[PDB]
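Only one chain is included here, represented as structure tokens and corresponding to the form deposited in one PDB entry.
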């Protein structure tokens, strides 16, 4: 398999966008954390799958650095992909970042070590058709960068998953992937673009 995403090599992130890059990394983690609780996952200091344990059930500020820093790199590369695709990222209203509310996660969405995700409540945020074809493209590219970075870490495909010999069945072309995983990814990058407009930024090629 040969994944190659958009080439962001020559793009430079502006320093004033390093904050929306971090806000985006927090929220996408909060969206990941919420759905993981819905899949029957709780907090724990050691990775026990049969016990529904995962250390990174804590808030974004408390993740280990080898895991936390990859999220901030994936956020940066998604921002650079927009600029590489010819989009200008501007700022529309700064008060939009203060007229931001978060979602009322029920009491069950409170974990053992006080971690309770609270993503931005962006259910009021509609997307134009051009923005739904861009989000669909963005989620496909996000798969290629994830696939190549694991291949560059030594990962190969396998019929079943192995967390030690680096094999994983999801390292396939985006058209080869199961539709359940595609949809999960397309939704996550949908909320990514929503976070930009939700924080008051504009995105037009």
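Positions refer to the first chain, counted from 1. Only the largest set of C-alpha atoms that superpose within 1.5 Å between the two forms is called the rigid core.
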query	finding
Between stretches 21-29 and 178-186, more displaced by Cα RMS in 8 other deposited structures of this protein (rigid core superposition)	178-186
Farther-lying stretch by C-alpha RMS in 8 other deposited structures of this protein, rigid core as reference, of 162-170 and 143-151	162-170
Mean temperature factor over C-alpha atoms, higher-scoring stretch between 193-201 and 180-188	193-201
Selected stretch [higher average CA B-factor]: 68-76 or 94-102	94-102
Options 174, 146, 157, 32 - largest CA temperature factor per the record	157
Cα B factor band for residue 137 (lowest, middle or highest third within the chain)	lowest
Chain-relative CA temperature factor third for residue 122	highest
Where the record places residue 128 (Cα B-factor, split into thirds across the chain)	middle
Where the record places residue 111 (Cα B-factor, split into thirds across the chain)	highest
For residue 87, the third of its chain into which the C-alpha B factor falls	middle
